[PDB]
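A.B. asks: Okay, handing you the structure first.
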Amino acid sequence: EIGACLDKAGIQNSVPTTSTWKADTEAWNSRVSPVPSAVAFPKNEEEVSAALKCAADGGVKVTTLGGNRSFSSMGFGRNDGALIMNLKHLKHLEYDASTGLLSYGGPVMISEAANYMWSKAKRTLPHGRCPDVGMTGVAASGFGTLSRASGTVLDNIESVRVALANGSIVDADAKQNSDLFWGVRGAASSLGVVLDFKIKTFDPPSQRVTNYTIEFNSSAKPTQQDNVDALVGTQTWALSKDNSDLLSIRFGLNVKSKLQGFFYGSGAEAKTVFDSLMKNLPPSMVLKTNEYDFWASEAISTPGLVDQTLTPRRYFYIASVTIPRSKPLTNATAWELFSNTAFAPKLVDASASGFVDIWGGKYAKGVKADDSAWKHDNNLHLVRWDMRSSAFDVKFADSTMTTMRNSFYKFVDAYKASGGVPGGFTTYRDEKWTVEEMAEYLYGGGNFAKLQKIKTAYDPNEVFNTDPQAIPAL
Ligand SMILES: *c1c(C)c(C)cc2c1nc1c(=O)[nH]c(=O)nc-1n2C[C@H](O)[C@H](O)[C@H](O)COP(=O)(O)OP(=O)(O)OC[C@H]1O[C@@H](n2cnc3c(N)ncnc32)[C@H](O)[C@@H]1O
Ligand SMILES: *[C@H]1O[C@H](CO)[C@@H](O)[C@H](O)[C@@H]1O
């Protein structure tokens, strides 16, 4: 039926009959498998509106595909029976030297954007650390090595061009369709088919880049306390006058934790930075560094960048929260994090691992709660803990993910108990959030109500409600 309306309009489409149905509806997380009603492949903006009319006519719900690297298979549902908007014909990358803006859309990959910007203008741009993530999907937040210095991916979106539920295609930015743009910066999937993003680009912040590892020396016998002190001390440094936003810090959460990242600088500059950080750390930890040119370092931070490499599918689950600078970790809450992650009993049939990405810095201090639908003002930490099996065709029981989830939220609850009001990270959204949880974590500070108001205005028939976490209308 939906497939017949589409065929009527001249729109290339896949339905369960089509010989390529299986390949066209394969999501990245093998644990979450939406069966959609159809996949549309519009060739221009006319076909985008014509496909949405078919869905509106039929009552079919719509979601649109980015790079198909959702940690929770969001791009295909997750509810069954949706129309999938595959924008592969609208793929583009265009750098406007007058504005410094990169314009992009369709299933454009992080690695593709970086290689273009590099060979076009020897420039960089905010991006995550997986090469095959879609730039459109990661603009729901997006944390990279330069984010302490330059903001998240979402923070650098200057405008979008959106196809709406009734076929109108509009431009939105801070000056025009401003409430829709606000909503798109955090709830894009609930609001339109976004056909174009404009992200700000940057000259590399240094010629040379020092990548580093800080870890306990091989003879140290680190306890839980030693690990806590390394985390709290890293926090102390980031909050100190010694802090540099040119230092990315991924704090690997393990019984022998370690810090890894990149300093955008060389020579004595890095040595002064590393020195003030080490002096905040347990005395048994040791620093190791290497030095590369800027572009080579990008292939280190984003492995597989230069060959635009693909990531294997995973039987996967992630839970994540942000720590706002309004409640930094205390030794007690830092302790609860370790007890529930690295020092938790191992999972019977999955590997759990993760890190605290250190956030903070000047840019985040100047993000206001209401700058976007996604509330991300003045964050200090990004906590990620995930589980995976060894192979996409190897599963772990639901009860295993339950156990892991209850442990992580024991930490979150202790953090709350300490006074903290944890936030969320859209690209690391908890697939098991209720709406109550999704609003508190992603859309706090009264953002959610304003979000519903914008939803009710721009999609009142809930065409864009393919997921239990899609924003409901009034
Ligand atoms: C590394 C790896 C290996 C994976 C699988 C994910 C990673 C990652 N590294 C990350 C990192 O360093 N930093 C991050 O912040 N996130 C990282 N992620 C997670 C990744 O950012 C997210 O999973 C993100 O959702 C990926 O986006 P995607 O490739 O576009 O995935 P989908 O195609 O499934 O879309 C995601 C979500 O957004 C909606 N969407 C996409 N494109 C849209 C347009 N044009 N208009 C409207 N809505 C759009 C999808 O419908 C879906 O809800
Ligand atoms: C999408 O459309 C298909 C074909 O009409 C249905 O079978 C499905 O249940 C969903 O409504």
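As shown in the structure tokens, the chain order sets the letters A, B, ...; within each chain, residues go from 1, and ligands are also counted from 1 in the order they appear.
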When you look at stretch 43-47 of chain A with a cut-off of 9 Å (counting only C-alpha atoms), what residues show up, excluding the ones that are within fewer than 5 positions of it in the same chain? I need them as JSON, numbers by chain.
C.D. replies: {"A": [9, 10, 11, 12, 52, 87, 88, 89, 90, 163, 167, 169, 195]}
A.B. asks: Next, dump the selected residues to file, keeping only N, CA, C and O atoms, as an mmCIF file, in the first residue's frame.
C.D. replies:
data_model
loop_
_atom_site.group_PDB
_atom_site.id
_atom_site.type_symbol
_atom_site.label_atom_id
_atom_site.label_comp_id
_atom_site.auth_asym_id
_atom_site.auth_seq_id
_atom_site.Cartn_x
_atom_site.Cartn_y
_atom_site.Cartn_z
ATOM 1 N N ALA A 9 4.252 7.686 -7.387
ATOM 2 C CA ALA A 9 4.910 8.984 -7.488
ATOM 3 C C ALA A 9 6.228 8.937 -8.252
ATOM 4 O O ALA A 9 6.846 9.991 -8.443
ATOM 5 N N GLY A 10 6.667 7.761 -8.697
ATOM 6 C CA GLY A 10 7.979 7.637 -9.306
ATOM 7 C C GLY A 10 9.136 7.634 -8.326
ATOM 8 O O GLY A 10 10.256 8.012 -8.693
ATOM 9 N N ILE A 11 8.909 7.212 -7.087
ATOM 10 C CA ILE A 11 9.944 7.229 -6.060
ATOM 11 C C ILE A 11 10.540 5.823 -5.922
ATOM 12 O O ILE A 11 9.836 4.857 -5.584
ATOM 13 N N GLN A 12 11.833 5.711 -6.219
ATOM 14 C CA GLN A 12 12.589 4.503 -5.917
ATOM 15 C C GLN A 12 12.345 4.075 -4.478
ATOM 16 O O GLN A 12 12.424 4.889 -3.556
ATOM 17 N N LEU A 52 6.784 11.875 1.699
ATOM 18 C CA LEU A 52 6.133 12.186 2.968
ATOM 19 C C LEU A 52 4.623 12.283 2.809
ATOM 20 O O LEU A 52 3.881 11.962 3.741
ATOM 21 N N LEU A 87 18.429 8.979 2.322
ATOM 22 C CA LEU A 87 18.835 10.163 1.576
ATOM 23 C C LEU A 87 20.122 9.970 0.799
ATOM 24 O O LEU A 87 20.857 10.949 0.603
ATOM 25 N N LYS A 88 20.411 8.750 0.332
ATOM 26 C CA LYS A 88 21.709 8.488 -0.290
ATOM 27 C C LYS A 88 21.884 9.247 -1.600
ATOM 28 O O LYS A 88 23.025 9.493 -2.010
ATOM 29 N N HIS A 89 20.787 9.652 -2.244
ATOM 30 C CA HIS A 89 20.878 10.415 -3.479
ATOM 31 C C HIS A 89 21.118 11.886 -3.232
ATOM 32 O O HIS A 89 21.529 12.593 -4.157
ATOM 33 N N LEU A 90 20.872 12.357 -2.012
ATOM 34 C CA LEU A 90 21.053 13.751 -1.632
ATOM 35 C C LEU A 90 22.381 14.009 -0.922
ATOM 36 O O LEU A 90 22.589 15.105 -0.394
ATOM 37 N N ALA A 163 12.798 19.195 5.669
ATOM 38 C CA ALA A 163 11.523 18.849 5.050
ATOM 39 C C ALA A 163 10.542 18.498 6.164
ATOM 40 O O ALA A 163 10.833 17.635 7.001
ATOM 41 N N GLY A 167 5.306 18.434 3.931
ATOM 42 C CA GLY A 167 5.915 18.589 2.639
ATOM 43 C C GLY A 167 6.594 19.912 2.406
ATOM 44 O O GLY A 167 7.422 20.008 1.493
ATOM 45 N N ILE A 169 9.386 22.522 2.727
ATOM 46 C CA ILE A 169 10.815 22.455 2.998
ATOM 47 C C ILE A 169 11.269 23.862 3.363
ATOM 48 O O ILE A 169 11.047 24.802 2.594
ATOM 49 N N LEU A 195 17.663 17.723 5.365
ATOM 50 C CA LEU A 195 18.314 17.526 4.075
ATOM 51 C C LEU A 195 19.669 18.205 3.983
ATOM 52 O O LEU A 195 20.453 17.884 3.081
#
A.B. asks: Which residues of chain A have any atom within 7 Å of an atom in ligand 1 when counting only C-alpha atoms and all ligand atoms, and what is the closest pair of atoms for each, with the distance in Å to one decimal? Order the rows by chain and rising number and write it as JSON lines.
C.D. replies:
{"residue": "A:63", "atom": "CA", "partner": "ligand 1", "partner_atom_place_in_ligand_line": "51 (O)", "distance": 4.9}
{"residue": "A:64", "atom": "CA", "partner": "ligand 1", "partner_atom_place_in_ligand_line": "51 (O)", "distance": 4.4}
{"residue": "A:65", "atom": "CA", "partner": "ligand 1", "partner_atom_place_in_ligand_line": "33 (O)", "distance": 4.2}
{"residue": "A:66", "atom": "CA", "partner": "ligand 1", "partner_atom_place_in_ligand_line": "30 (O)", "distance": 3.2}
{"residue": "A:67", "atom": "CA", "partner": "ligand 1", "partner_atom_place_in_ligand_line": "29 (O)", "distance": 3.3}
{"residue": "A:68", "atom": "CA", "partner": "ligand 1", "partner_atom_place_in_ligand_line": "33 (O)", "distance": 3.1}
{"residue": "A:69", "atom": "CA", "partner": "ligand 1", "partner_atom_place_in_ligand_line": "29 (O)", "distance": 3.8}
{"residue": "A:70", "atom": "CA", "partner": "ligand 1", "partner_atom_place_in_ligand_line": "23 (O)", "distance": 3.3}
{"residue": "A:71", "atom": "CA", "partner": "ligand 1", "partner_atom_place_in_ligand_line": "23 (O)", "distance": 4.4}
{"residue": "A:73", "atom": "CA", "partner": "ligand 1", "partner_atom_place_in_ligand_line": "34 (O)", "distance": 5.6}
{"residue": "A:74", "atom": "CA", "partner": "ligand 1", "partner_atom_place_in_ligand_line": "53 (O)", "distance": 4.3}
{"residue": "A:75", "atom": "CA", "partner": "ligand 1", "partner_atom_place_in_ligand_line": "34 (O)", "distance": 3.4}
{"residue": "A:76", "atom": "CA", "partner": "ligand 1", "partner_atom_place_in_ligand_line": "51 (O)", "distance": 6.8}
{"residue": "A:105", "atom": "CA", "partner": "ligand 1", "partner_atom_place_in_ligand_line": "45 (N)", "distance": 6.5}
{"residue": "A:106", "atom": "CA", "partner": "ligand 1", "partner_atom_place_in_ligand_line": "45 (N)", "distance": 6.1}
{"residue": "A:107", "atom": "CA", "partner": "ligand 1", "partner_atom_place_in_ligand_line": "30 (O)", "distance": 6.9}
{"residue": "A:128", "atom": "CA", "partner": "ligand 1", "partner_atom_place_in_ligand_line": "12 (O)", "distance": 3.8}
{"residue": "A:129", "atom": "CA", "partner": "ligand 1", "partner_atom_place_in_ligand_line": "12 (O)", "distance": 3.8}
{"residue": "A:130", "atom": "CA", "partner": "ligand 1", "partner_atom_place_in_ligand_line": "1 (C)", "distance": 4.2}
{"residue": "A:133", "atom": "CA", "partner": "ligand 1", "partner_atom_place_in_ligand_line": "29 (O)", "distance": 4.0}
{"residue": "A:134", "atom": "CA", "partner": "ligand 1", "partner_atom_place_in_ligand_line": "29 (O)", "distance": 3.5}
{"residue": "A:135", "atom": "CA", "partner": "ligand 1", "partner_atom_place_in_ligand_line": "30 (O)", "distance": 6.2}
{"residue": "A:136", "atom": "CA", "partner": "ligand 1", "partner_atom_place_in_ligand_line": "42 (N)", "distance": 4.6}
{"residue": "A:137", "atom": "CA", "partner": "ligand 1", "partner_atom_place_in_ligand_line": "30 (O)", "distance": 3.1}
{"residue": "A:138", "atom": "CA", "partner": "ligand 1", "partner_atom_place_in_ligand_line": "21 (O)", "distance": 4.1}
{"residue": "A:141", "atom": "CA", "partner": "ligand 1", "partner_atom_place_in_ligand_line": "15 (O)", "distance": 6.0}
{"residue": "A:142", "atom": "CA", "partner": "ligand 1", "partner_atom_place_in_ligand_line": "15 (O)", "distance": 3.5}
{"residue": "A:143", "atom": "CA", "partner": "ligand 1", "partner_atom_place_in_ligand_line": "15 (O)", "distance": 4.5}
{"residue": "A:144", "atom": "CA", "partner": "ligand 1", "partner_atom_place_in_ligand_line": "12 (O)", "distance": 5.9}
{"residue": "A:188", "atom": "CA", "partner": "ligand 1", "partner_atom_place_in_ligand_line": "47 (C)", "distance": 5.1}
{"residue": "A:189", "atom": "CA", "partner": "ligand 1", "partner_atom_place_in_ligand_line": "48 (N)", "distance": 3.9}
{"residue": "A:192", "atom": "CA", "partner": "ligand 1", "partner_atom_place_in_ligand_line": "47 (C)", "distance": 5.9}
{"residue": "A:193", "atom": "CA", "partner": "ligand 1", "partner_atom_place_in_ligand_line": "46 (N)", "distance": 4.4}
{"residue": "A:194", "atom": "CA", "partner": "ligand 1", "partner_atom_place_in_ligand_line": "46 (N)", "distance": 3.8}
{"residue": "A:195", "atom": "CA", "partner": "ligand 1", "partner_atom_place_in_ligand_line": "45 (N)", "distance": 5.6}
{"residue": "A:311", "atom": "CA", "partner": "ligand 1", "partner_atom_place_in_ligand_line": "3 (C)", "distance": 5.7}
{"residue": "A:427", "atom": "CA", "partner": "ligand 1", "partner_atom_place_in_ligand_line": "22 (C)", "distance": 4.1}
{"residue": "A:428", "atom": "CA", "partner": "ligand 1", "partner_atom_place_in_ligand_line": "19 (C)", "distance": 6.0}
A.B. asks: As a quick test: using only C-alpha atoms and all ligand atoms, which residues lie no more than 6 Å away from ligand 2? Give them as an MDAnalysis selection string.
C.D. replies: chainID A and resid 1:2 37 60 81:82
A.B. asks: Name the closest residue to residue A:98 among the candidates A:333, A:179, A:281, A:201; distances are taken between atoms, counting only C-alpha atoms.
C.D. replies: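 Result for the nearest residue to residue A:98: A:201.
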A.B. asks: Write out as number ranges by chain the set of residues from stretch 93-292 of chain A that DSSP, computed on the backbone, places in strand (DSSP E or B).
C.D. replies: A: 93-96, 101-105, 109, 124, 134, 157-163, 169-173, 193-200, 202, 208-216, 247, 250-252, 258-263, 285-292
A.B. asks: Go ahead and compute the interatomic distance for atom CA of residue A:209 and atom CA of residue A:152, in Å to one decimal.
C.D. replies: 20.1 Å
A.B. asks: So that I can check the surroundings of residue A:183, please list as a ChimeraX atom specification every protein, DNA and RNA residue that reaches within 8 Å of it, counting only C-alpha atoms and ignoring chain neighbours fewer than 5 positions away.
C.D. replies: /A:188,191,372-373,451,454
A.B. asks: Mind dumping the selected residues with C-alpha atoms as a tab-separated table (two decimals), in the first residue's frame?
C.D. replies:
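So selection_6.tsv came out as:
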chain	number	residue	atom	x	y	z
A	188	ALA	CA	15.83	16.35	14.86
A	191	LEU	CA	10.60	17.06	13.71
A	372	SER	CA	19.21	24.05	22.16
A	373	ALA	CA	16.60	21.41	22.81
A	451	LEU	CA	10.01	21.02	22.88
A	454	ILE	CA	7.37	23.11	18.99
A.B. asks: Per DSSP on the backbone, what are the alpha helix (DSSP H) residues of stretch 121-306 of chain A, as number ranges by chain?
C.D. replies: A: 121, 135-138, 147-150, 178-187, 224-238, 267-279, 294-301
A.B. asks: Write the selection just made, keeping C-alpha atoms, as a compact mmCIF listing (two decimals), in the first residue's frame?
C.D. replies:
# COMPACT_ATOMS: atom_id res chain seq x y z
CA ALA A 121 41.32 23.78 2.69
CA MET A 135 27.63 13.42 10.27
CA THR A 136 23.87 14.03 10.28
CA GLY A 137 23.16 11.65 13.15
CA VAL A 138 26.11 12.75 15.27
CA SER A 147 35.26 19.52 21.93
CA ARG A 148 36.69 20.97 25.15
CA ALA A 149 38.17 23.73 22.96
CA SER A 150 35.45 24.12 20.30
CA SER A 178 14.40 29.77 15.16
CA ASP A 179 12.22 27.52 17.32
CA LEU A 180 12.35 24.74 14.75
CA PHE A 181 16.15 25.07 14.65
CA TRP A 182 16.31 24.87 18.45
CA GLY A 183 14.22 21.71 18.30
CA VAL A 184 16.28 20.22 15.47
CA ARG A 185 19.41 20.71 17.66
CA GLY A 186 18.52 17.86 19.98
CA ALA A 187 15.30 16.30 18.62
CA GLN A 224 40.16 0.89 43.78
CA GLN A 225 41.28 3.94 45.77
CA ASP A 226 44.32 4.60 43.57
CA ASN A 227 41.99 4.59 40.54
CA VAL A 228 39.49 6.93 42.21
CA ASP A 229 42.34 9.33 43.11
CA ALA A 230 43.47 9.40 39.49
CA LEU A 231 39.95 10.35 38.37
CA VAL A 232 39.25 12.93 41.10
CA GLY A 233 42.73 14.34 40.51
CA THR A 234 42.16 14.60 36.78
CA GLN A 235 38.96 16.48 37.66
CA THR A 236 40.87 18.72 40.07
CA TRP A 237 43.30 19.64 37.30
CA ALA A 238 40.54 20.37 34.75
CA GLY A 267 57.66 20.81 23.00
CA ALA A 268 57.75 22.70 26.26
CA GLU A 269 54.10 23.81 25.95
CA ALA A 270 52.92 20.20 26.25
CA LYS A 271 55.54 19.46 28.91
CA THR A 272 54.21 22.22 31.15
CA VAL A 273 50.64 20.94 30.67
CA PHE A 274 51.53 17.31 31.32
CA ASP A 275 53.54 18.39 34.39
CA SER A 276 50.63 20.16 36.08
CA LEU A 277 48.41 17.14 35.39
CA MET A 278 50.87 14.56 36.67
CA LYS A 279 51.41 16.51 39.92
CA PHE A 294 48.21 17.42 12.94
CA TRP A 295 46.77 15.34 10.11
CA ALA A 296 48.50 12.09 11.13
CA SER A 297 47.16 12.57 14.66
CA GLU A 298 43.62 12.65 13.22
CA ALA A 299 44.09 9.08 11.95
CA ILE A 300 45.11 8.17 15.51
CA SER A 301 42.06 9.73 17.16
A.B. asks: Just how far from atom CA of residue A:172 is atom CA of residue A:112, in Å to one decimal?
C.D. replies: 24.7 Å
A.B. asks: Which value, in Å to one decimal, gives the distance between atom CA of residue A:253 and atom CA of residue A:325?
C.D. replies: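 Atom CA of residue A:253 sits 20.0 Å away from atom CA of residue A:325.
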A.B. asks: Which of these residues is nearest to residue A:120, using only C-alpha atoms: A:242, A:173, A:462, A:203?
C.D. replies: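 Of all the options, A:203 lies closest to residue A:120.
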